[PDB]
2 protein chains.
Amino acid sequence: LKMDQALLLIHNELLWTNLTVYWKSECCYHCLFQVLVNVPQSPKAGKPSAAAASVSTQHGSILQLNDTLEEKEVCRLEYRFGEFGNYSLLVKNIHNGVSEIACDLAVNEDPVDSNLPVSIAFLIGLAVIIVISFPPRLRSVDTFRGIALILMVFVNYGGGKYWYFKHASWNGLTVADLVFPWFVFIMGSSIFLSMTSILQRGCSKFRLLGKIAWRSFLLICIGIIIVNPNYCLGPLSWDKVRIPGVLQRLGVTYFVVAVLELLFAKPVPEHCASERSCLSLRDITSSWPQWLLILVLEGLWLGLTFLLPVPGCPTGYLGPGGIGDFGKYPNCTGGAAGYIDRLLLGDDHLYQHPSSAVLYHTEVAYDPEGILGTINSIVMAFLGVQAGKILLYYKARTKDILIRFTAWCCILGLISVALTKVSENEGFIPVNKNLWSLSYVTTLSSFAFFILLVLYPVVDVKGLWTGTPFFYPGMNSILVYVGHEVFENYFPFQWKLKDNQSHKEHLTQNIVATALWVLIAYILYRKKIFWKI
Amino acid sequence: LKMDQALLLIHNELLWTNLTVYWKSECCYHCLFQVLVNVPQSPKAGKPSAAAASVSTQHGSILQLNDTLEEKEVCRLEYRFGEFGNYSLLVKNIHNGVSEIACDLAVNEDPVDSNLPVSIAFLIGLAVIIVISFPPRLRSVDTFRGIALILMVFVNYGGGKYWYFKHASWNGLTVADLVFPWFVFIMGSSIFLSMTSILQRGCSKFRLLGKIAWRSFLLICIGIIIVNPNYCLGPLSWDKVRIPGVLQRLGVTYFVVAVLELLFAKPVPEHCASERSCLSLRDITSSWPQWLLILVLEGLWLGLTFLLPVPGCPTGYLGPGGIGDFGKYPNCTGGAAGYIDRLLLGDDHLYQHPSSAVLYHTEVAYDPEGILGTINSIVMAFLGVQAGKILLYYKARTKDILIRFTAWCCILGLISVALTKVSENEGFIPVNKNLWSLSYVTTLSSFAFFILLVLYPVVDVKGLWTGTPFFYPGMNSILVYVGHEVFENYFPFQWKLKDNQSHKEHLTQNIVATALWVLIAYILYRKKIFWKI
Ligand SMILES: CC(=O)SCCNC(=O)CCNC(=O)[C@H](O)C(C)(C)COP(=O)(O)OP(=O)(O)OC[C@H]1O[C@@H](n2cnc3c(N)ncnc32)[C@H](O)[C@@H]1OP(=O)(O)O
Ligand SMILES: CC(=O)SCCNC(=O)CCNC(=O)[C@H](O)C(C)(C)COP(=O)(O)OP(=O)(O)OC[C@H]1O[C@@H](n2cnc3c(N)ncnc32)[C@H](O)[C@@H]1OP(=O)(O)O
Ligand SMILES: *[C@@H]1O[C@H](CO)[C@@H](O)[C@H](O)[C@H]1NC(C)=O
Ligand SMILES: *[C@@H]1O[C@H](CO)[C@@H](O)[C@H](O)[C@H]1NC(C)=O
Ligand SMILES: *[C@@H]1O[C@H](CO)[C@@H](O)[C@H](O)[C@H]1NC(C)=O
Ligand SMILES: *[C@@H]1O[C@H](CO)[C@@H](O)[C@H](O)[C@H]1NC(C)=O
Ligand SMILES: *[C@@H]1O[C@H](CO)[C@@H](O)[C@H](O)[C@H]1NC(C)=O
Ligand SMILES: *[C@@H]1O[C@H](CO)[C@@H](O)[C@H](O)[C@H]1NC(C)=O
């Protein structure tokens, strides 16, 4: 018995009905019934036949008995199983009245509760906090980036082998999905904050364009050579290299938004601040040509995804392949993004095993961070640029900045509610990390606005907290990222586990590895070593 | 047919003699005859039986036919085989006179000459040189260390799969063996050069001892955690960790010689220089107490190796195990060093596969850099300290320093000749890297004295060469070492080879990797980034 399983042995007593047991989870959307076990017929009178099977306990189970010769369903039960439990399903015949078939399930051994280590760890963290309590840079931006870094290091090392510290298979939001867009939002803000400071004191655009180009080139080089390939399985060879990647995506969106802001730059007006609703939206109207291009790119993304003809697959398709959507479309994982990507780069230059495979059973390859999602990344980086413009235009009165942050958060939350139709698998556009939906960027940017609204009158102005954890990694992000990608298997971060089937046994190791990375970040702050790409 | 092999098919014509073919290489010392092929008897008249076998071409071959039923040797031939050649051995019966058995060997396909890429590469290097031609630091020490670093990076990546760019199996000296002791000699010199400068300007011994201790601790930590374990094969676990290592050895010898010089330090006498033979050996007589301890440690090493009783093995044994020494002692790879090491640390905490295994066929484990060789490392580091004392005592006249270097080189060369008895496998103490012989340290220190004698009136005084290659890696040694140990499988250094059986195909890749490391060292010099443990 492995993790998230429960031995289910079935006893069948009926004289002459050879039985089939089917299975399907409760979360899987429009999924066919596969097979679990085929119990044998009662060989002799009063000596029932028995079979053994294993059922997953991560989500609820639907179990169907359907016979072998015929189709009439003998029984169905829908129930939820706990980890490492002897459960006993009995199917019998009811003597009273007409002949009837009934199923009774009895627990032999009780299961084991699995959220106890999470509870214990979070109370111990609260107790430790209770014992502990008794060209300027901006503190709030650095604090938020540090929180994103500790979440990324913890989730990428290991979630404790938990399903809610892991990317969802399709059409869902978890703790793991939240981390990546916030980096893009911070990156756009940092673009505006750096660029306004360099253009002042005297500089040339010809000077700055080389810097932008060189940064983009270096990021594209670092991702392909170092981060992507697995160098334990063999020497690197072309026709087997993965070109799409996270650093290439960051580099291309950085190049586009940086050049686009550099072309249309205007000096910041003095005494720009006014009372609320009396500004005349001067921050908005100073960016008049650059909004139009972003609208054209979003119109292109909508039109391409919904209306492009694709051979074999339906023309606009958002669902998974394989078993999902009833196995009518057994390829078509990507849709119109997958066809575009599988006509230019190739099919061998893509990520072989996607997240959707484990539940939806899709054979064909998909890349989470490839082509046609870059447009939405540019849109969200522009939103971060918009936040950065707000901070430097109106920084006389605190009340003004809070009003803009509140209004922007409410309007983005309203559009993401209206598009999502407040569900998970329904609506015009669902929220999905793999396709980089407009709903996805629209819901996480509102959370970023709310988090900045909470932090700014505490960590940055009129201090009530020193923000002491979470800016020490914030200053050095690229060292931490390359460090955990290169040094992942080394001894202080990882060691051999003498029980491989415990959530409890993994969680402490991942927590210690995250704490060690925070300690390394703290040592480098005191030694005043900062590296910037 | 793989590298360094040659297909040898044998034709036997005799009517009734079933034959055995034996094999033994020409370099292997007191080695038994194993089996190569068992050809079958002539089944019919005039229809000879045939067999196929492969013979290695790295060294010469001795081939014996000895029959199966009896013992009378049918024939023997001793010859040298070339790579990838059809050779044809015929054994027949001579009709004339008495019955006689003769063997004739005829070449069907000529072999391929294998030193052509080395010749081509070294002429191309000469042609490139011909095209190219038309608290102070000391330059000569840095230049010598850089040469040692490029040799170490080239040999450790790959020798071109050549036997003379690789450690010898036992009792031998190659290009690969020379690299490591020179680092210890440079290290001892750098100890004296730093220590005399820090004691002047005002300092305390209590201040310096912590620095020495901290450096030793860090080196011991770096070697065990990072350099030794192979982290692709599994997570690290104790009872399977290798404690002996190169960095631990450097750390312990550094601690001993640094503390020993710090205890007995005396200020450098002004106007110490004199005419040759008129100094009264003042450099020698200022170190009077510290010579005695080194003599006691060397006496301990000699007495322990020659006279310690060891169970099962002979009491003082220097030979290999397995097949070597005629298979009389089938264990006893280590001797009295192996027993001492296999009684303290363990047998699981040792290096599993030694260099001697491929030719001598030894099953038992040995560690090249463990316990009881540390004493000789301390002796050679003290010799480097002695060279450093010569440079600062007598640096008024150049002629004086040259006379001391010449005399020291001649006396060490004379002792290493007298001990080695100018042979390879004979003498009282042979030269061996694995046991760290007195002969080994005595012969390489003389070469270090000669190389310093050549470099010092050229690179350091009265320049005729700028030493432009070989000091750029010399300043940063620890970064280069940790860099090639961690980044060994990455793309610019290594790539997939579409022919795996060519010396020519490997050599270019290793040369390019060495040149890239020299380029990285050059970039860091201009950027003025220097790190010191
Ligand atoms: C599921 C997953 O795996 S999610 C994967 C995502 N995780 C990653 O780590 C991806 C890698 N990304 C990164 O490391 C970072 O996002 C970066 C470094 C590439 C960019 O983030 P940035 O905010 O731009 O960082 P960085 O510090 O390099 O910023 C560069 C400039 O911004 C400036 N800056 C940054 N923060 C601030 C601030 N708070 N105030 C003012 N200026 C700032 C810097 O001074 C610098 O300007 P300069 O070079 O002109 O002096
Ligand atoms: C087969 C194989 O694999 S062989 C394996 C061996 N190869 C290796 O790379 C092993 C690793 N060893 C090393 O990297 C080096 O030997 C080291 C760094 C550990 C030590 O070598 P060192 O000569 O001591 O190097 P390093 O530069 O660190 O020397 C430290 C001190 O010497 C001083 N120094 C070094 N060279 C000189 C010089 N020419 N003149 C004056 N001072 C010098 C430095 O200034 C420093 O003094 P400070 O810290 O007080 O300012
Ligand atoms: C089980 O039987 C039901 C009803 O007869 C039928 O609808 C269903 O397709 C069957 N399941 C499978 C997997 O054949
Ligand atoms: C409970 O599980 C164990 C697992 O080995 C099994 O042997 C035992 O038969 C189960 N109990 C019952 C009543 O089946
Ligand atoms: C797509 O589905 C077909 C069956 O309709 C299958 O044969 C094919 O192998 C699938 N594609 C891949 C890449 O496996
Ligand atoms: C081969 O025969 C010779 C002479 O009869 C004998 O000395 C030798 O031991 C034999 N070799 C082997 C391996 O038996
Ligand atoms: C030469 O080598 C080839 C290798 O395939 C072999 O087939 C051929 O028979 C050899 N020549 C002779 C004359 O045996
Ligand atoms: C040492 O030799 C004996 C045979 O004499 C052998 O059984 C043993 O396994 C050898 N040692 C090792 C470690 O293999």
# chains A, B, ... in the order shown; residues from 1 in each chain; ligands from 1
call {"tool": "residues_around", "arguments": {"residues": "residue B:158", "least_positions_apart": "2", "cutoff": "10 Å", "atoms": "only C-alpha atoms", "output": "tab-separated table (two decimals) with N, CA and C atoms, in the first residue's frame"}}
result
chain	number	residue	atom	x	y	z
B	152	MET	N	45.55	19.81	-14.60
B	152	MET	CA	44.57	19.09	-13.79
B	152	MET	C	43.19	19.11	-14.43
B	153	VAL	N	42.81	20.23	-15.06
B	153	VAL	CA	41.49	20.30	-15.69
B	153	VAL	C	41.45	19.42	-16.94
B	154	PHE	N	42.54	19.42	-17.72
B	154	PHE	CA	42.58	18.61	-18.93
B	154	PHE	C	42.57	17.12	-18.61
B	155	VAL	N	43.42	16.68	-17.67
B	155	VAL	CA	43.48	15.26	-17.32
B	155	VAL	C	42.19	14.78	-16.65
B	156	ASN	N	41.59	15.59	-15.76
B	156	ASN	CA	40.38	15.13	-15.08
B	156	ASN	C	39.16	15.09	-15.98
B	160	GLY	N	41.87	12.37	-23.72
B	160	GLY	CA	41.75	11.85	-25.05
B	160	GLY	C	41.61	10.35	-25.08
B	161	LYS	N	41.26	9.74	-23.94
B	161	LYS	CA	41.23	8.29	-23.72
B	161	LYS	C	42.58	7.64	-24.03
B	162	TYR	N	43.65	8.30	-23.61
B	162	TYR	CA	45.02	7.87	-23.85
B	162	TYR	C	45.62	7.36	-22.54
B	165	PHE	N	47.91	9.90	-20.44
B	165	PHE	CA	47.30	11.03	-19.77
B	165	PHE	C	46.33	10.51	-18.72
B	166	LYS	N	46.81	9.60	-17.88
B	166	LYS	CA	45.98	8.85	-16.94
B	166	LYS	C	46.90	8.29	-15.87
B	506	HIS	N	37.35	12.73	-29.08
B	506	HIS	CA	37.37	13.18	-27.68
B	506	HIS	C	38.34	14.34	-27.42
B	507	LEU	N	39.50	14.32	-28.10
B	507	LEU	CA	40.60	15.22	-27.80
B	507	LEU	C	40.22	16.68	-28.02
B	509	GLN	N	37.22	18.01	-27.90
B	509	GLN	CA	36.25	18.40	-26.87
B	509	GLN	C	36.95	18.74	-25.55
B	510	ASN	N	37.93	17.92	-25.15
B	510	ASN	CA	38.67	18.21	-23.92
B	510	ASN	C	39.51	19.49	-24.05
B	511	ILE	N	40.12	19.70	-25.22
B	511	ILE	CA	40.92	20.90	-25.46
B	511	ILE	C	40.06	22.16	-25.40
B	513	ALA	N	37.20	22.49	-23.78
B	513	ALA	CA	36.78	22.70	-22.39
B	513	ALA	C	37.87	23.37	-21.55
call {"tool": "residues_near_ligand", "arguments": {"ligand": "ligand 4", "cutoff": "9 Å", "atoms": "only C-alpha atoms and all ligand atoms", "output": "list in words"}}
result
residues 7, 9, 84, 85, 86, 87, 88, 108 and 109 of chain A
call {"tool": "interface_residues", "arguments": {"of": "chain A", "to": "chain B", "cutoff": "6 Å", "atoms": "only C-alpha atoms", "output": "ChimeraX atom specification"}}
result
/A:232,235-237,495-496
call {"tool": "write_last_selection", "arguments": {"atoms": "C-alpha atoms", "output": "PDB file, in the first residue's frame"}}
result
ATOM      1  CA  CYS A 232      22.047  13.073 -15.155  1.00  0.00           C
ATOM      2  CA  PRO A 235      24.781  14.329 -22.613  1.00  0.00           C
ATOM      3  CA  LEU A 236      22.838  17.156 -24.220  1.00  0.00           C
ATOM      4  CA  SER A 237      21.991  16.761 -27.927  1.00  0.00           C
ATOM      5  CA  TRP A 495      18.799  13.343   2.315  1.00  0.00           C
ATOM      6  CA  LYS A 496      17.744   9.705   2.060  1.00  0.00           C
TER       7      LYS A 496
END
call {"tool": "residues_near_ligand", "arguments": {"ligand": "ligand 1", "cutoff": "8 Å", "atoms": "only C-alpha atoms and all ligand atoms", "output": "PyMOL selection string"}}
result
chain A and resi 136-142+145+149+152+155-156+176-177+179-181+183-184+186-191+193-195+197-198+219+246-247+250+474-481+531-533
call {"tool": "write_last_selection", "arguments": {"atoms": "C-alpha atoms", "output": "JSON list (two decimals), in the first residue's frame"}}
result
[["chain", "number", "residue", "atom", "x", "y", "z"],
["A", 136, "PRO", "CA", 16.08, 55.18, -2.14],
["A", 137, "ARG", "CA", 14.71, 51.66, -2.40],
["A", 138, "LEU", "CA", 11.13, 50.73, -1.57],
["A", 139, "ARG", "CA", 10.62, 48.17, 1.20],
["A", 140, "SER", "CA", 7.12, 46.92, 0.26],
["A", 141, "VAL", "CA", 8.14, 45.63, -3.19],
["A", 142, "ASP", "CA", 11.10, 43.69, -1.73],
["A", 145, "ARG", "CA", 9.02, 39.32, -3.71],
["A", 149, "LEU", "CA", 10.47, 33.31, -3.34],
["A", 152, "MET", "CA", 8.40, 28.97, -4.86],
["A", 155, "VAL", "CA", 6.58, 24.15, -3.54],
["A", 156, "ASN", "CA", 9.34, 23.25, -6.04],
["A", 176, "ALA", "CA", 1.25, 26.46, -6.25],
["A", 177, "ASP", "CA", -0.40, 28.33, -9.14],
["A", 179, "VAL", "CA", 3.42, 32.16, -7.21],
["A", 180, "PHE", "CA", 4.54, 32.82, -10.83],
["A", 181, "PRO", "CA", 2.34, 35.81, -12.01],
["A", 183, "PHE", "CA", 6.96, 37.89, -10.17],
["A", 184, "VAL", "CA", 5.87, 39.35, -13.53],
["A", 186, "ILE", "CA", 6.88, 42.99, -9.56],
["A", 187, "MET", "CA", 9.11, 42.92, -12.66],
["A", 188, "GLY", "CA", 6.96, 45.48, -14.51],
["A", 189, "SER", "CA", 6.91, 47.76, -11.46],
["A", 190, "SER", "CA", 10.72, 47.52, -11.18],
["A", 191, "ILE", "CA", 11.02, 48.36, -14.90],
["A", 193, "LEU", "CA", 11.04, 52.47, -11.15],
["A", 194, "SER", "CA", 14.48, 51.92, -12.70],
["A", 195, "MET", "CA", 13.72, 53.57, -16.05],
["A", 197, "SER", "CA", 15.54, 57.15, -12.42],
["A", 198, "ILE", "CA", 18.03, 56.46, -15.24],
["A", 219, "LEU", "CA", 18.21, 35.39, -19.65],
["A", 246, "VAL", "CA", 10.34, 30.31, -17.86],
["A", 247, "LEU", "CA", 13.46, 32.50, -18.29],
["A", 250, "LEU", "CA", 10.55, 36.53, -18.79],
["A", 474, "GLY", "CA", 14.05, 39.74, -1.98],
["A", 475, "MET", "CA", 17.22, 41.62, -2.85],
["A", 476, "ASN", "CA", 18.88, 38.50, -4.34],
["A", 477, "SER", "CA", 16.35, 36.56, -6.42],
["A", 478, "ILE", "CA", 18.42, 35.21, -9.31],
["A", 479, "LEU", "CA", 21.02, 33.66, -6.96],
["A", 480, "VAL", "CA", 18.29, 31.83, -5.01],
["A", 481, "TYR", "CA", 16.60, 30.62, -8.22],
["A", 531, "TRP", "CA", 24.21, 40.51, -8.14],
["A", 532, "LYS", "CA", 21.94, 41.87, -10.91],
["A", 533, "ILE", "CA", 21.60, 40.32, -14.41]]
call {"tool": "residues_near_ligand", "arguments": {"ligand": "ligand 3", "cutoff": "9 Å", "atoms": "only C-alpha atoms and all ligand atoms", "output": "list in words"}}
result
residues 22, 32, 33, 34, 35, 64, 65, 66, 67, 70, 71, 72 and 73 of chain A
call {"tool": "write_last_selection", "arguments": {"atoms": "C-alpha atoms", "output": "CSV table (one decimal), in the first residue's frame"}}
result
chain,number,residue,atom,x,y,z
A,22,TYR,CA,-15.7,0.0,-12.4
A,32,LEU,CA,-15.4,7.5,-18.8
A,33,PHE,CA,-15.5,4.4,-16.5
A,34,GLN,CA,-12.4,2.3,-16.6
A,35,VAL,CA,-11.9,-1.1,-14.9
A,64,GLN,CA,-20.1,0.7,-10.1
A,65,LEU,CA,-20.9,-3.0,-10.4
A,66,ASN,CA,-22.3,-3.7,-13.8
A,67,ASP,CA,-22.2,-7.6,-14.3
A,70,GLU,CA,-25.6,-8.2,-19.3
A,71,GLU,CA,-25.9,-4.5,-18.6
A,72,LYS,CA,-28.3,-4.0,-15.7
A,73,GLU,CA,-26.4,-2.3,-12.9
call {"tool": "select_by_dssp", "arguments": {"residues": "stretch 311-464 of chain B", "states": "helix (DSSP H, G or I)", "output": "ChimeraX atom specification"}}
result
/B:324-327,336-344,357-360,374-393,398-420,438-460
call {"tool": "residues_around", "arguments": {"residues": "residue A:288", "least_positions_apart": "4", "cutoff": "12 Å", "atoms": "only C-alpha atoms", "output": "VMD selection string"}}
result
chain A and resid 261 264 to 266 281 to 284 292 to 295
call {"tool": "closest_atom_pairs", "arguments": {"of": "chain A", "to": "ligand 5", "cutoff": "10 Å", "atoms": "only C-alpha atoms and all ligand atoms", "output": "CSV"}}
result
residue,atom,partner,partner_atom_place_in_ligand_line,distance
A:312,CA,ligand 5,5 (O),9.8
A:321,CA,ligand 5,1 (C),9.0
A:322,CA,ligand 5,2 (O),8.1
A:327,CA,ligand 5,5 (O),9.6
A:328,CA,ligand 5,5 (O),9.3
A:329,CA,ligand 5,5 (O),7.7
A:330,CA,ligand 5,2 (O),5.2
A:331,CA,ligand 5,1 (C),4.5
A:332,CA,ligand 5,1 (C),8.0
A:333,CA,ligand 5,1 (C),9.8
A:347,CA,ligand 5,13 (C),9.1
A:362,CA,ligand 5,14 (O),8.2
A:363,CA,ligand 5,14 (O),5.0
A:364,CA,ligand 5,13 (C),4.2
A:365,CA,ligand 5,13 (C),7.0
call {"tool": "write_last_selection", "arguments": {"atoms": "C-alpha atoms", "output": "PDB file, in the first residue's frame"}}
result
ATOM      1  CA  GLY A 312      -8.767  17.168 -36.704  1.00  0.00           C
ATOM      2  CA  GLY A 321      -7.582  15.278 -24.150  1.00  0.00           C
ATOM      3  CA  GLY A 322      -7.489  11.561 -23.405  1.00  0.00           C
ATOM      4  CA  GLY A 327     -12.901  10.324 -24.960  1.00  0.00           C
ATOM      5  CA  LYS A 328     -14.499  11.925 -28.016  1.00  0.00           C
ATOM      6  CA  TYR A 329     -11.320  13.917 -28.758  1.00  0.00           C
ATOM      7  CA  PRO A 330      -8.462  11.629 -27.643  1.00  0.00           C
ATOM      8  CA  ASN A 331      -5.725  14.047 -28.754  1.00  0.00           C
ATOM      9  CA  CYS A 332      -6.337  17.848 -28.518  1.00  0.00           C
ATOM     10  CA  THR A 333      -4.635  18.663 -25.259  1.00  0.00           C
ATOM     11  CA  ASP A 347       7.134  18.207 -31.328  1.00  0.00           C
ATOM     12  CA  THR A 362      -3.229  12.421 -22.215  1.00  0.00           C
ATOM     13  CA  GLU A 363      -0.447  10.879 -24.328  1.00  0.00           C
ATOM     14  CA  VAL A 364       0.434  13.922 -26.450  1.00  0.00           C
ATOM     15  CA  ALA A 365       3.007  16.469 -25.255  1.00  0.00           C
TER      16      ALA A 365
END
